[PDB]
Amino acid sequence: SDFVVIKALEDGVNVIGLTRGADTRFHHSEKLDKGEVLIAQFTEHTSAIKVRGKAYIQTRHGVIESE
Amino acid sequence: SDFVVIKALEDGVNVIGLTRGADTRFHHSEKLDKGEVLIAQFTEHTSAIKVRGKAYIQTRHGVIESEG
Amino acid sequence: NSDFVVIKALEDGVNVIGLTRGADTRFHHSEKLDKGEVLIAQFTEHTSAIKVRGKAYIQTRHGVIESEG
Amino acid sequence: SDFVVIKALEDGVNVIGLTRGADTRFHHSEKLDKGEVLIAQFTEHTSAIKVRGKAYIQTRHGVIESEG
Amino acid sequence: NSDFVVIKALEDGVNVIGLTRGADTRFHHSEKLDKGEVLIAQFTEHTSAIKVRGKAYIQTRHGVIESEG
Amino acid sequence: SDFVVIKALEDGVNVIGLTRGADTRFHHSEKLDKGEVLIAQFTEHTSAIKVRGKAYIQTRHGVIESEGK
Amino acid sequence: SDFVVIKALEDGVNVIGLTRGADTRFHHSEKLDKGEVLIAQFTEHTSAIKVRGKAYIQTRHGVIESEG
Amino acid sequence: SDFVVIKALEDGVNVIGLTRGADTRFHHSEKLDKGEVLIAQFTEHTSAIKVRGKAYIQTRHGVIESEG
Amino acid sequence: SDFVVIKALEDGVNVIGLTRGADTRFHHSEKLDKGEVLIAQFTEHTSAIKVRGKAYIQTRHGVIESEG
Amino acid sequence: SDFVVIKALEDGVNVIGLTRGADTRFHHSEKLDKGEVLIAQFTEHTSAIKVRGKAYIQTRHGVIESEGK
Amino acid sequence: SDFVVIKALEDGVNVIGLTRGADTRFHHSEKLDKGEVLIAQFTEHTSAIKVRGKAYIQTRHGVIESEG
Ligand SMILES: N[C@@H](Cc1c[nH]c2ccccc12)C(=O)O
Ligand SMILES: N[C@@H](Cc1c[nH]c2ccccc12)C(=O)O
Ligand SMILES: N[C@@H](Cc1c[nH]c2ccccc12)C(=O)O
Ligand SMILES: N[C@@H](Cc1c[nH]c2ccccc12)C(=O)O
Ligand SMILES: N[C@@H](Cc1c[nH]c2ccccc12)C(=O)O
Ligand SMILES: N[C@@H](Cc1c[nH]c2ccccc12)C(=O)O
Ligand SMILES: N[C@@H](Cc1c[nH]c2ccccc12)C(=O)O
Ligand SMILES: N[C@@H](Cc1c[nH]c2ccccc12)C(=O)O
Ligand SMILES: N[C@@H](Cc1c[nH]c2ccccc12)C(=O)O
Ligand SMILES: N[C@@H](Cc1c[nH]c2ccccc12)C(=O)O
Ligand SMILES: N[C@@H](Cc1c[nH]c2ccccc12)C(=O)O
């Protein structure tokens with residue numbers, strides 16, 4: 001199953017997981033401080049991922065940056 | 001399953017999931033504020049995704065941009 | 001796990017039309033896009049062909065093609 | 001499962017689906033007007049596709065053009 | 001999910017002949033193409049070999065080849 | 001499943017299927033005259049293919065030529 | 001299943017496994033000292049990994065560096 | 001499933017199929033005259049193939065040439 | 001499964017397997033003397049591998065070096 | 001399943017298949033003379049292959065050459 | 001399933017299988033003299049392979065050389 005790499009470029013970045021299934025809501029928000037990296041898969045419980053805050057992101061489709 | 005990356009280039013962008021199945025309707029709209037990124041899969045419940053508003057989108061077939 | 005098509009409307013009133021899978025072929029849904037909206041649409045248990053009408057920039061795994069209104 | 005892209009270069013381009021199975025005949029003809037695009041899969045019901053008329057065609061093996 | 005061949009007729013009366021899969025081998029269908037028409041034909045449960053007669057431009061996963069009439 | 005493309009470069013080329021299994025024998029010989037093309041799979045019944053006669057051959061390993069008699 | 005390579009560039013780097021499932025929490029934190037390498041899979045129990053401290057990281061998507 | 005192409009560069013090239021299983025011996029020998037081509041798979045009954053005589057051979061790992 | 005290559009660049013390099021499962025602990029420590037090479041899979045019992053000591057390592061993701 | 005290509009570069013080359021399982025021993029030694037090519041798979045019964053004698057070898061990882069005593 | 005190629009560069013090189021399973025111990029040591037080549041899979045019984053002595057090694061990750 002595929003994954004996303006997120007590197008926080010500032011304190012307070014949120015990596016938020018969205019529920020798989022008929023309904024869509026946030027079930028977890030992981031806080032990243034500056035320089036921390038999270039590598040996060042899609043899973044049985046998480047079919048969409050939202051990033052809030054400034055971070056460097058890598059996926060299979062290349063690099064993108066949130067602000 | 002494939003996924004799409006959507007980065008909102010202005011406030012109020014909507015990423016809209018359309019129902020899988022014989023019926024087609026919107027089941028969810030995720031609102032993105034400028035500079036937020038959403039990485040969203042195709043799923044048992046979502047077989048088409050629509051984006052409204054200004055955004056930079058990546059998929060397996062490359063970059064495309066939506067404009068508001 | 002199926003393939004998908006990206007459609008970006010280059011004018012108002014673009015229609016992305018889904019054709020039914022199976023022995024019966026007909027249109028079952030027509031999605032209206034206005035200028036600059038994007039639809040990323042899979043082939044599905046219900047949709048085995050997709051017709052685009054109106055001016056649009058389309059990406060498939062075979063590359064770019066453009067429809068003209 | 002594979003698909004063919006068909007872009008009509010004139011009115012009345014006919015995309016013809018041939019039946020899968022021991023018998024071969026057409027079971028559907030989808031006409032396209034100039035500039036419309038049809039992205040059609042091979043399926044449980046369609047194992048060969050014929051294009052009549054002027055059309056620009058993409059498949060996994062590259063581009064080909066039909067002449068009407 | 002089988003492979004498919006692309007056949008473009010370069011003259012009228014090209015024949016794309018499907019041969020039967022299985023222990024026995026015979027022609028089960030000849031699809032006749034006129035000049036400029038394109039047939040995209042899979043290998044299937046019933047067709048394990050395809051013969052082209054007449055002048056045609058052909059694409060398969062191993063490249064381009066041309067039949068001559 | 002893999003296939004081979006055979007284009008006859010003279011009359012009377014044979015494309016010969018050998019039986020799959022513990023027994024090996026020819027079960028079919030498809031005659032090609034000049035300019036005809038056969039695109040033939042490996043199958044539940046054919047696990048080896050012999051070409052006799054002058055032909056241009058494509059497989060997934062590239063181009064090979066058989067030389068006639 | 002995919003894996004991530006982490007080389008500690010300073011002492012006390014923490015590679016933290018997050019639980020797979022409805023619940024998300026840290027179930028393990030592996031401490032690496034300077035110059036140690038950990039190569040770590042996604043698994044039945046671990047569906048996200050977090051690195052804290054200065055490290056050089058390789059994944060399928062290329063190289064990235066965490067900072068302390 | 002993999003296959004080899006064998007082109008005979010002289011008369012009487014011998015393509016030898018070795019039996020798959022705990023035992024090894026040849027179960028079939030197909031002779032090729034000069035210029036003939038055999039395209040042969042690995043199968044339930046053949047798990048090694050030997051070529052005797054001058055032949056031009058292609059496999060997934062490139063070209064090799066047997067000499068008589 | 002994926003495997004890692006580890007070449008000891010000094011004596012007493014440790015290639016340590018961490019248990020797969022809810023619990024994470026060392027189950028095995030393989031000591032390599034200078035110049036020895038260990039080629040080691042991920043497996044039913046081992047879902048993370050830690051290298052301590054100076055070594056040259058190859059993974060699908062490319063080269064990395066652990067240092068003493 | 002993977003296979004290795006072995007071309008003998010002198011008489012008397014041996015390609016030795018080692019048994020798959022907890023037990024490791026030689027179950028078969030195929031003797032090759034100069035110029036002959038063996039294309040051998042890994043199998044239910046053979047999980048390692050040893051080559052003794054001068055030979056030119058191809059595998060998915062590239063060319064390697066065995067040298068005889 | 002993958003394999004590794006080992007060419008011995010001097011006499012008495014040892015290619016050592018380590019047991020798959022909860023337990024890790026040797027199980028078999030194949031001695032290669034100079035110039036001999038062994039091509040060995042990962043298997044139900046072997047999940048790690050050690051090379052001791054001077055040898056040229058190829059894996060899917062490239063060339064590496066052990067030193068005695
Ligand atoms: N609960 C939704 C979440 C989702 C995934 N991808 C989306 C795309 C758009 C909107 C919502 C979603 C689902 O599993 O289908
Ligand atoms: N409910 C439709 C939604 C859909 C997916 N792709 C489409 C293409 C065109 C029109 C509708 C669609 C389906 O699951 O098949
Ligand atoms: N209902 C038809 C639709 C179709 C798909 N590809 C086509 C090509 C030509 C004509 C019809 C089709 C099918 O599922 O087979
Ligand atoms: N009914 C035929 C259609 C077909 C597919 N490919 C062909 C090639 C030649 C002739 C007919 C065909 C089949 O399913 O096999
Ligand atoms: N009925 C034969 C047709 C065939 C396929 N490939 C061939 C190659 C040679 C001769 C015959 C064939 C089969 O299914 O096997
Ligand atoms: N009956 C043999 C035919 C064959 C395939 N590949 C071969 C290679 C050599 C000799 C015979 C063969 C089989 O199916 O195994
Ligand atoms: N017992 C843990 C080991 C592990 C794998 N990857 C990790 C990443 C971080 C922390 C622990 C791990 C598991 O199988 O999941
Ligand atoms: N327990 C969560 C952990 C997780 C994986 N990826 C995520 C992305 C965002 C938030 C949480 C996660 C899950 O398996 O789904
Ligand atoms: N009967 C043997 C034939 C064989 C395949 N590859 C080999 C390599 C070496 C020696 C014999 C073999 C087997 O199926 O395993
Ligand atoms: N019987 C052993 C053969 C073997 C394969 N790979 C090896 C590597 C080293 C030593 C022995 C082996 C096994 O199947 O596992
Ligand atoms: N018996 C161990 C062998 C092993 C494979 N990879 C390793 C890495 C480190 C330590 C031991 C191992 C296992 O099957 O898991």
# chains A, B, ... in the order shown; residues from 1 in each chain; ligands from 1
>>> interface_residues(of="chain F", to="chain E", cutoff="8 Å", atoms="only C-alpha atoms", output="list in words")
residues 1, 7, 28, 34, 35, 36, 37, 38, 39, 40, 41, 42, 43, 44, 45, 58, 59, 60 and 62 of chain F
>>> write_last_selection(atoms="N, CA and C atoms", output="PDB file, in the first residue's frame")
ATOM      1  N   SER F   1      -0.178 -14.149 -21.092  1.00  0.00           N
ATOM      2  CA  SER F   1       0.559 -15.080 -21.977  1.00  0.00           C
ATOM      3  C   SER F   1       1.227 -14.458 -23.282  1.00  0.00           C
ATOM      4  N   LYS F   7       5.886 -12.907 -40.001  1.00  0.00           N
ATOM      5  CA  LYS F   7       5.506 -12.366 -41.324  1.00  0.00           C
ATOM      6  C   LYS F   7       6.250 -13.189 -42.372  1.00  0.00           C
ATOM      7  N   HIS F  28      -0.376 -28.845 -35.310  1.00  0.00           N
ATOM      8  CA  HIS F  28      -0.946 -28.038 -36.328  1.00  0.00           C
ATOM      9  C   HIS F  28       0.137 -27.340 -37.115  1.00  0.00           C
ATOM     10  N   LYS F  34       3.399 -15.352 -48.968  1.00  0.00           N
ATOM     11  CA  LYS F  34       4.218 -14.201 -48.879  1.00  0.00           C
ATOM     12  C   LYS F  34       3.440 -12.938 -48.487  1.00  0.00           C
ATOM     13  N   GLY F  35       3.961 -12.178 -47.526  1.00  0.00           N
ATOM     14  CA  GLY F  35       3.320 -10.997 -47.091  1.00  0.00           C
ATOM     15  C   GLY F  35       2.250 -11.186 -45.976  1.00  0.00           C
ATOM     16  N   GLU F  36       1.783 -12.406 -45.704  1.00  0.00           N
ATOM     17  CA  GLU F  36       0.834 -12.649 -44.630  1.00  0.00           C
ATOM     18  C   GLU F  36       1.512 -12.719 -43.293  1.00  0.00           C
ATOM     19  N   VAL F  37       0.732 -12.369 -42.251  1.00  0.00           N
ATOM     20  CA  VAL F  37       1.183 -12.215 -40.926  1.00  0.00           C
ATOM     21  C   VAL F  37       0.290 -13.055 -40.017  1.00  0.00           C
ATOM     22  N   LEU F  38       0.948 -13.797 -39.117  1.00  0.00           N
ATOM     23  CA  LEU F  38       0.301 -14.554 -38.118  1.00  0.00           C
ATOM     24  C   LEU F  38       0.824 -14.101 -36.772  1.00  0.00           C
ATOM     25  N   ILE F  39      -0.079 -13.887 -35.806  1.00  0.00           N
ATOM     26  CA  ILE F  39       0.325 -13.479 -34.476  1.00  0.00           C
ATOM     27  C   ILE F  39      -0.230 -14.612 -33.563  1.00  0.00           C
ATOM     28  N   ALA F  40       0.685 -15.384 -32.982  1.00  0.00           N
ATOM     29  CA  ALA F  40       0.274 -16.622 -32.348  1.00  0.00           C
ATOM     30  C   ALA F  40       0.738 -16.708 -30.912  1.00  0.00           C
ATOM     31  N   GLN F  41      -0.174 -17.010 -29.996  1.00  0.00           N
ATOM     32  CA  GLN F  41       0.176 -17.217 -28.581  1.00  0.00           C
ATOM     33  C   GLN F  41       0.724 -18.590 -28.221  1.00  0.00           C
ATOM     34  N   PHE F  42       1.460 -18.652 -27.112  1.00  0.00           N
ATOM     35  CA  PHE F  42       1.561 -19.885 -26.334  1.00  0.00           C
ATOM     36  C   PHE F  42       0.298 -20.161 -25.596  1.00  0.00           C
ATOM     37  N   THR F  43      -0.062 -21.416 -25.446  1.00  0.00           N
ATOM     38  CA  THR F  43      -1.419 -21.727 -25.012  1.00  0.00           C
ATOM     39  C   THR F  43      -1.444 -22.984 -24.148  1.00  0.00           C
ATOM     40  N   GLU F  44      -2.607 -23.315 -23.651  1.00  0.00           N
ATOM     41  CA  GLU F  44      -2.742 -24.526 -22.937  1.00  0.00           C
ATOM     42  C   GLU F  44      -2.336 -25.731 -23.865  1.00  0.00           C
ATOM     43  N   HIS F  45      -2.549 -25.615 -25.188  1.00  0.00           N
ATOM     44  CA  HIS F  45      -2.157 -26.664 -26.135  1.00  0.00           C
ATOM     45  C   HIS F  45      -0.814 -26.568 -26.891  1.00  0.00           C
ATOM     46  N   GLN F  58       9.047 -11.528 -34.726  1.00  0.00           N
ATOM     47  CA  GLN F  58       9.196 -10.643 -33.552  1.00  0.00           C
ATOM     48  C   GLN F  58       8.755 -11.414 -32.322  1.00  0.00           C
ATOM     49  N   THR F  59       9.583 -11.336 -31.275  1.00  0.00           N
ATOM     50  CA  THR F  59       9.117 -11.814 -29.980  1.00  0.00           C
ATOM     51  C   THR F  59       9.437 -10.757 -28.960  1.00  0.00           C
ATOM     52  N   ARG F  60       9.096 -10.999 -27.684  1.00  0.00           N
ATOM     53  CA  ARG F  60       9.524 -10.087 -26.644  1.00  0.00           C
ATOM     54  C   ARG F  60      11.074  -9.967 -26.582  1.00  0.00           C
ATOM     55  N   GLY F  62      12.919  -9.686 -29.270  1.00  0.00           N
ATOM     56  CA  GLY F  62      13.318  -8.813 -30.373  1.00  0.00           C
ATOM     57  C   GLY F  62      13.110  -9.529 -31.694  1.00  0.00           C
TER      58      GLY F  62
END
>>> residues_near_ligand(ligand="ligand 8", cutoff="6 Å", atoms="only C-alpha atoms and all ligand atoms", output="list in words")
residues 15, 16, 17, 28, 29, 40, 41, 42, 43, 45, 46 and 49 of chain A; 19, 20, 21, 22, 23, 24, 47 and 48 of chain G
>>> write_last_selection(atoms="N, CA, C and O atoms", output="PDB file, in the first residue's frame")
ATOM      1  N   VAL A  15      -0.618  16.408  10.513  1.00  0.00           N
ATOM      2  CA  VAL A  15      -0.870  15.400   9.478  1.00  0.00           C
ATOM      3  C   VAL A  15      -2.165  14.671   9.945  1.00  0.00           C
ATOM      4  O   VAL A  15      -2.152  14.036  10.993  1.00  0.00           O
ATOM      5  N   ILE A  16      -3.249  14.812   9.170  1.00  0.00           N
ATOM      6  CA  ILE A  16      -4.591  14.430   9.612  1.00  0.00           C
ATOM      7  C   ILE A  16      -5.083  13.254   8.766  1.00  0.00           C
ATOM      8  O   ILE A  16      -4.997  13.326   7.548  1.00  0.00           O
ATOM      9  N   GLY A  17      -5.535  12.171   9.396  1.00  0.00           N
ATOM     10  CA  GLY A  17      -6.094  11.089   8.665  1.00  0.00           C
ATOM     11  C   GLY A  17      -7.596  11.086   8.590  1.00  0.00           C
ATOM     12  O   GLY A  17      -8.331  11.382   9.594  1.00  0.00           O
ATOM     13  N   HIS A  28      -7.598  11.164  13.318  1.00  0.00           N
ATOM     14  CA  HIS A  28      -6.350  11.369  14.047  1.00  0.00           C
ATOM     15  C   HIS A  28      -5.646  12.537  13.452  1.00  0.00           C
ATOM     16  O   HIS A  28      -5.646  12.695  12.270  1.00  0.00           O
ATOM     17  N   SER A  29      -4.995  13.311  14.294  1.00  0.00           N
ATOM     18  CA  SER A  29      -4.161  14.385  13.807  1.00  0.00           C
ATOM     19  C   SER A  29      -2.837  14.200  14.548  1.00  0.00           C
ATOM     20  O   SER A  29      -2.852  14.162  15.777  1.00  0.00           O
ATOM     21  N   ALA A  40       3.773   7.869   6.289  1.00  0.00           N
ATOM     22  CA  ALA A  40       2.415   7.415   6.675  1.00  0.00           C
ATOM     23  C   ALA A  40       1.756   6.737   5.492  1.00  0.00           C
ATOM     24  O   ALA A  40       1.670   7.345   4.382  1.00  0.00           O
ATOM     25  N   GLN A  41       1.267   5.498   5.712  1.00  0.00           N
ATOM     26  CA  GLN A  41       0.596   4.794   4.683  1.00  0.00           C
ATOM     27  C   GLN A  41      -0.858   5.154   4.606  1.00  0.00           C
ATOM     28  O   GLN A  41      -1.406   5.634   5.612  1.00  0.00           O
ATOM     29  N   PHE A  42      -1.485   4.846   3.455  1.00  0.00           N
ATOM     30  CA  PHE A  42      -2.889   4.586   3.359  1.00  0.00           C
ATOM     31  C   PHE A  42      -3.182   3.236   3.972  1.00  0.00           C
ATOM     32  O   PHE A  42      -2.349   2.323   3.846  1.00  0.00           O
ATOM     33  N   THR A  43      -4.338   3.076   4.622  1.00  0.00           N
ATOM     34  CA  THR A  43      -4.574   1.902   5.415  1.00  0.00           C
ATOM     35  C   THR A  43      -6.059   1.554   5.375  1.00  0.00           C
ATOM     36  O   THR A  43      -6.927   2.257   4.770  1.00  0.00           O
ATOM     37  N   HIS A  45      -8.021   2.021   7.725  1.00  0.00           N
ATOM     38  CA  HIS A  45      -8.776   3.126   8.397  1.00  0.00           C
ATOM     39  C   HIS A  45      -8.574   4.520   7.807  1.00  0.00           C
ATOM     40  O   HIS A  45      -9.322   5.453   8.111  1.00  0.00           O
ATOM     41  N   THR A  46      -7.562   4.677   6.954  1.00  0.00           N
ATOM     42  CA  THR A  46      -7.192   6.009   6.431  1.00  0.00           C
ATOM     43  C   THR A  46      -7.103   5.947   4.873  1.00  0.00           C
ATOM     44  O   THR A  46      -6.225   5.319   4.318  1.00  0.00           O
ATOM     45  N   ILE A  49      -5.414  11.894   3.364  1.00  0.00           N
ATOM     46  CA  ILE A  49      -4.505  12.470   4.322  1.00  0.00           C
ATOM     47  C   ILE A  49      -4.474  13.936   4.035  1.00  0.00           C
ATOM     48  O   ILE A  49      -4.300  14.301   2.877  1.00  0.00           O
TER      49      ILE A  49
ATOM     50  N   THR G  19       0.785   2.791  15.745  1.00  0.00           N
ATOM     51  CA  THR G  19      -0.026   1.593  15.586  1.00  0.00           C
ATOM     52  C   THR G  19      -0.943   1.636  14.324  1.00  0.00           C
ATOM     53  O   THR G  19      -1.668   2.658  14.053  1.00  0.00           O
ATOM     54  N   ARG G  20      -1.005   0.483  13.637  1.00  0.00           N
ATOM     55  CA  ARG G  20      -2.007   0.275  12.603  1.00  0.00           C
ATOM     56  C   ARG G  20      -3.397   0.152  13.272  1.00  0.00           C
ATOM     57  O   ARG G  20      -3.508  -0.403  14.370  1.00  0.00           O
ATOM     58  N   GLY G  21      -4.465   0.638  12.636  1.00  0.00           N
ATOM     59  CA  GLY G  21      -5.796   0.369  13.192  1.00  0.00           C
ATOM     60  C   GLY G  21      -6.580   1.653  13.477  1.00  0.00           C
ATOM     61  O   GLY G  21      -6.155   2.776  13.133  1.00  0.00           O
ATOM     62  N   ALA G  22      -7.683   1.474  14.164  1.00  0.00           N
ATOM     63  CA  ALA G  22      -8.599   2.599  14.538  1.00  0.00           C
ATOM     64  C   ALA G  22      -7.903   3.509  15.519  1.00  0.00           C
ATOM     65  O   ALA G  22      -8.128   4.692  15.530  1.00  0.00           O
ATOM     66  N   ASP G  23      -7.018   2.935  16.309  1.00  0.00           N
ATOM     67  CA  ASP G  23      -6.293   3.676  17.252  1.00  0.00           C
ATOM     68  C   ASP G  23      -4.902   4.106  16.739  1.00  0.00           C
ATOM     69  O   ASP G  23      -4.183   3.319  16.110  1.00  0.00           O
ATOM     70  N   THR G  24      -4.486   5.329  17.022  1.00  0.00           N
ATOM     71  CA  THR G  24      -3.163   5.739  16.691  1.00  0.00           C
ATOM     72  C   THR G  24      -2.326   6.187  17.893  1.00  0.00           C
ATOM     73  O   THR G  24      -2.585   7.222  18.464  1.00  0.00           O
ATOM     74  N   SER G  47       1.898   1.311  10.876  1.00  0.00           N
ATOM     75  CA  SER G  47       1.365   1.805   9.564  1.00  0.00           C
ATOM     76  C   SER G  47       1.792   3.277   9.298  1.00  0.00           C
ATOM     77  O   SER G  47       1.420   3.873   8.290  1.00  0.00           O
ATOM     78  N   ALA G  48       2.563   3.819  10.197  1.00  0.00           N
ATOM     79  CA  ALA G  48       3.168   5.127  10.038  1.00  0.00           C
ATOM     80  C   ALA G  48       4.464   5.148  10.899  1.00  0.00           C
ATOM     81  O   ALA G  48       4.488   4.566  11.969  1.00  0.00           O
TER      82      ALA G  48
END
>>> residues_near_ligand(ligand="ligand 1", cutoff="7 Å", atoms="only C-alpha atoms and all ligand atoms", output="short mmCIF file (atom, residue, chain, number, x, y, z; two decimals) with C-alpha atoms, in the first residue's frame")
data_model
loop_
_atom_site.label_atom_id
_atom_site.label_comp_id
_atom_site.auth_asym_id
_atom_site.auth_seq_id
_atom_site.Cartn_x
_atom_site.Cartn_y
_atom_site.Cartn_z
CA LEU A 18 -9.51 10.78 7.06
CA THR A 19 -11.75 7.74 7.54
CA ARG A 20 -12.14 5.13 4.87
CA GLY A 21 -15.71 4.19 4.31
CA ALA A 22 -19.11 5.64 3.55
CA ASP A 23 -18.54 8.55 5.89
CA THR A 24 -15.65 11.05 5.96
CA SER A 47 -8.07 6.56 2.71
CA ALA A 48 -7.15 10.36 2.57
CA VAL B 15 -12.30 18.37 -3.36
CA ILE B 16 -15.51 16.42 -4.03
CA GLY B 17 -15.95 12.65 -3.84
CA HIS B 28 -18.40 14.54 0.64
CA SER B 29 -16.65 17.91 0.03
CA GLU B 30 -13.40 18.55 1.72
CA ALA B 40 -6.84 11.31 -1.55
CA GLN B 41 -7.37 7.74 -2.79
CA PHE B 42 -9.93 6.09 -4.98
CA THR B 43 -11.90 3.71 -2.74
CA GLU B 44 -14.89 1.37 -2.35
CA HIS B 45 -16.93 4.59 -1.88
CA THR B 46 -15.31 7.10 -4.22
CA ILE B 49 -13.14 13.09 -7.66
#
>>> residues_around(residues="residue 60 of chain G", least_positions_apart="5", cutoff="10 Å", atoms="only C-alpha atoms", output="MDAnalysis selection string")
(chainID A and resid 2:3 5 58:60) or (chainID G and resid 2:5) or (chainID I and resid 60:62)
>>> write_last_selection(atoms="N, CA, C and O atoms", output="PDB file, in the first residue's frame")
ATOM      1  N   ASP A   2       0.488   2.304  -0.634  1.00  0.00           N
ATOM      2  CA  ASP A   2       1.385   3.439  -0.805  1.00  0.00           C
ATOM      3  C   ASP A   2       1.512   4.312   0.419  1.00  0.00           C
ATOM      4  O   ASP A   2       0.681   4.207   1.305  1.00  0.00           O
ATOM      5  N   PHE A   3       2.572   5.139   0.506  1.00  0.00           N
ATOM      6  CA  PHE A   3       2.802   6.070   1.611  1.00  0.00           C
ATOM      7  C   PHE A   3       3.235   7.490   1.157  1.00  0.00           C
ATOM      8  O   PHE A   3       3.729   7.673   0.084  1.00  0.00           O
ATOM      9  N   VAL A   5       5.555  10.950   2.569  1.00  0.00           N
ATOM     10  CA  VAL A   5       6.583  11.368   3.497  1.00  0.00           C
ATOM     11  C   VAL A   5       6.246  12.818   3.773  1.00  0.00           C
ATOM     12  O   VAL A   5       6.095  13.614   2.805  1.00  0.00           O
ATOM     13  N   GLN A  58       6.676  14.230  -0.014  1.00  0.00           N
ATOM     14  CA  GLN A  58       7.017  13.392  -1.175  1.00  0.00           C
ATOM     15  C   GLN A  58       6.001  12.303  -1.320  1.00  0.00           C
ATOM     16  O   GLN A  58       5.589  11.633  -0.298  1.00  0.00           O
ATOM     17  N   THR A  59       5.583  12.079  -2.567  1.00  0.00           N
ATOM     18  CA  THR A  59       4.785  10.923  -2.829  1.00  0.00           C
ATOM     19  C   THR A  59       5.352  10.255  -4.030  1.00  0.00           C
ATOM     20  O   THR A  59       6.249  10.766  -4.680  1.00  0.00           O
ATOM     21  N   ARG A  60       4.694   9.195  -4.453  1.00  0.00           N
ATOM     22  CA  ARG A  60       5.045   8.584  -5.724  1.00  0.00           C
ATOM     23  C   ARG A  60       4.984   9.553  -6.942  1.00  0.00           C
ATOM     24  O   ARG A  60       5.604   9.323  -7.979  1.00  0.00           O
TER      25      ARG A  60
ATOM     26  N   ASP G   2       6.831  -2.211   1.864  1.00  0.00           N
ATOM     27  CA  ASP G   2       7.850  -1.121   1.830  1.00  0.00           C
ATOM     28  C   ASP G   2       8.628  -0.975   3.114  1.00  0.00           C
ATOM     29  O   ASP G   2       8.093  -1.308   4.183  1.00  0.00           O
ATOM     30  N   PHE G   3       9.835  -0.408   3.031  1.00  0.00           N
ATOM     31  CA  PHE G   3      10.627  -0.120   4.183  1.00  0.00           C
ATOM     32  C   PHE G   3      11.330   1.252   4.065  1.00  0.00           C
ATOM     33  O   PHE G   3      11.446   1.765   2.951  1.00  0.00           O
ATOM     34  N   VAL G   4      11.859   1.758   5.192  1.00  0.00           N
ATOM     35  CA  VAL G   4      12.463   3.041   5.225  1.00  0.00           C
ATOM     36  C   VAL G   4      13.820   2.747   5.827  1.00  0.00           C
ATOM     37  O   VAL G   4      13.931   1.878   6.705  1.00  0.00           O
ATOM     38  N   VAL G   5      14.873   3.476   5.398  1.00  0.00           N
ATOM     39  CA  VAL G   5      16.219   3.298   5.943  1.00  0.00           C
ATOM     40  C   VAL G   5      16.467   4.564   6.731  1.00  0.00           C
ATOM     41  O   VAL G   5      16.238   5.646   6.177  1.00  0.00           O
TER      42      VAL G   5
ATOM     43  N   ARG I  60      17.390  -1.849  -1.768  1.00  0.00           N
ATOM     44  CA  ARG I  60      16.665  -1.343  -3.010  1.00  0.00           C
ATOM     45  C   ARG I  60      16.760   0.209  -3.135  1.00  0.00           C
ATOM     46  O   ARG I  60      16.519   0.795  -4.250  1.00  0.00           O
ATOM     47  N   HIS I  61      16.910   0.891  -1.978  1.00  0.00           N
ATOM     48  CA  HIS I  61      16.934   2.366  -2.029  1.00  0.00           C
ATOM     49  C   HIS I  61      18.316   2.924  -2.340  1.00  0.00           C
ATOM     50  O   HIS I  61      18.391   4.099  -2.519  1.00  0.00           O
ATOM     51  N   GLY I  62      19.364   2.091  -2.492  1.00  0.00           N
ATOM     52  CA  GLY I  62      20.711   2.545  -2.893  1.00  0.00           C
ATOM     53  C   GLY I  62      21.675   2.286  -1.727  1.00  0.00           C
ATOM     54  O   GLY I  62      21.450   1.404  -0.826  1.00  0.00           O
TER      55      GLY I  62
END
>>> atom_distance(atom1="atom CA of residue 1 of chain H", atom2="atom CA of residue 39 of chain I")
27.7 Å
>>> atom_distance(atom1="atom CA of residue 56 of chain G", atom2="atom CA of residue 13 of chain A")
20.4 Å
>>> residues_around(residues="residue 34 of chain G", least_positions_apart="4", cutoff="6 Å", atoms="only C-alpha atoms", output="ChimeraX atom specification")
/G:8-11
>>> write_last_selection(atoms="N, CA and C atoms", output="PDB file, in the first residue's frame")
ATOM      1  N   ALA G   8      21.251   7.432  11.787  1.00  0.00           N
ATOM      2  CA  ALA G   8      21.364   8.454  12.802  1.00  0.00           C
ATOM      3  C   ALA G   8      22.586   9.362  12.554  1.00  0.00           C
ATOM      4  N   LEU G   9      22.384  10.683  12.492  1.00  0.00           N
ATOM      5  CA  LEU G   9      23.515  11.635  12.194  1.00  0.00           C
ATOM      6  C   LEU G   9      23.989  12.282  13.498  1.00  0.00           C
ATOM      7  N   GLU G  10      23.303  11.983  14.586  1.00  0.00           N
ATOM      8  CA  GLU G  10      23.690  12.403  15.939  1.00  0.00           C
ATOM      9  C   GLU G  10      23.096  11.324  16.879  1.00  0.00           C
ATOM     10  N   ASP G  11      23.533  11.380  18.126  1.00  0.00           N
ATOM     11  CA  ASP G  11      23.056  10.469  19.211  1.00  0.00           C
ATOM     12  C   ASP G  11      21.605  10.696  19.546  1.00  0.00           C
TER      13      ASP G  11
END
